[PDB]
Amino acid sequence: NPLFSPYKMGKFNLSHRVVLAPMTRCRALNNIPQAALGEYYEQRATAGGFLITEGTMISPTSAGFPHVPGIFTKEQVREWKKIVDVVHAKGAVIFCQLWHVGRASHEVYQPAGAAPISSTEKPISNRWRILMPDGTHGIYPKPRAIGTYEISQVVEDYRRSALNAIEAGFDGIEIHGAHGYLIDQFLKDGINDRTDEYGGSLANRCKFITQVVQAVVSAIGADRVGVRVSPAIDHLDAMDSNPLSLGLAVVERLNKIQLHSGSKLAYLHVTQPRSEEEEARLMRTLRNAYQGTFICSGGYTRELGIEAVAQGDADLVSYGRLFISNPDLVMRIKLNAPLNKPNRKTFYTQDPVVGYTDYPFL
């Protein structure tokens, strides 16, 4: 089984290729990592296995979901440390995903009920609704477009959050540059209508992700930095006129960062949408262009993951929904055992046990 051959992810020696995908679960009450998160990540931890956390706030303005953890206060760092410690005691490697939602927020999630920030003043359309703290759905508002000084401030929030992650003991961080959140609001020409040096051309639209990645690389080192993008996922009105072109432009900037650093990033992580053959060729084209480790994600099964590694299409395969419902997903894939079905009703609810740690083991 090629999913169970070992893999060197830079200085991290993985024993198998099954990765916990980052997943917002909303159990981090009032943005504090809770003991429940330790139980949940401990259940899914394996010796030599890689875990990526749910998206994690980099600043008081970065959230657009309730009860998502932060890593920008020293209190948050203190609580994360306890979670990292129980994961490392099972021999897993764990990265913290650093997440800013940009325009995908609401007054209820912002300090002083201020407007969310973005590359432009265009809001998400009424085809999308935001989950509110009371479990109903709300309207996305008009964001505020930020200038070049404030862009540098947001880059510094990424930098400080990455340093905080290392202080908590994380092995590395992942930059969340996908799914129509802040970075993707600069990448996608369906959102970025700027006329300054962050808008227009592919080089200009790539400037923000390049500045973010360079900042976290200088702070903690390239081999502790993973990058996640999704050029072909249209979520939250995040379309590009040429997804393959945009994706290859991002890869170009990552290859160039690696060569200036004399080091490789931890990985490039790309989620696909589910023309099945065109999307497959889009993924293989990004992988072939990127000089390093490639994680694929989005709709993978046991059989689709074995085939991705066997055919050279990916080095690592991350799983989301099957890892919600199967704490021992790795062992179930190894044994080719039945899989529990996930209950979508409790994906984002607040109970520390129900729908979170009570899916059974084999």
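In case it trips you up, residue 1 is the first one in the sequence shown, and so on.
Enquirer: Between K74 and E75, count the deposited residues left without coordinates and pick a bin: none, 1 to 3, 4 to 9, 10 or more.
Expert: Per the deposited record, the segment joining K74 and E75 has no missing residues.
Enquirer: Return whichever of 185-193 and 91-99 has the greater mean Cα B factor according to the PDB record.
Expert: The deposited B-factors put 185-193 ahead on the C-alpha mean.
Enquirer: With reference to the PDB entry, specify whether the mean Cα temperature factor is higher for 333-341 or for 65-73.
Expert: Comparing 333-341 with 65-73, the higher average CA B-factor belongs to 333-341.
Enquirer: Going by the entry, which of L265, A165, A249, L282 has the most elevated CA B factor?
Expert: Within the set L265, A165, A249, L282, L282 shows the top C-alpha B-factor.
Enquirer: In the PDB entry, which of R287, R224, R159, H269 has its C-alpha at the highest B-factor?
Expert: Among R287, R224, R159, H269, the highest C-alpha B-factor in the entry belongs to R159.
Enquirer: Consider only the C-alpha atoms of the modelled residues in this chain, order them by B-factor as the entry records it, and name the third containing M9: lowest, middle or highest.
Expert: Highest third of the chain for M9's C-alpha B-factor.
Enquirer: In terms of the CA temperature factor given in the entry, to which third of its chain does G49 belong: lowest, middle or highest?
Expert: Lowest third, going by the recorded CA B-factors of the chain.
Enquirer: Should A310 be placed in the lowest, middle or highest third of its chain by the C-alpha B factor in the entry?
Expert: Within its chain, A310 is a highest-third residue by C-alpha B-factor, going by the deposited values.
Enquirer: In terms of the CA temperature factor given in the entry, to which third of its chain does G180 belong: lowest, middle or highest?
Expert: Its C-alpha B-factor belongs to the lowest third of this chain's values.
Enquirer: Within this chain's modelled residues, let me know which third the CA B factor of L304 belongs to: lowest, middle or highest.
Expert: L304: CA B-factor falls in the highest third of its chain.
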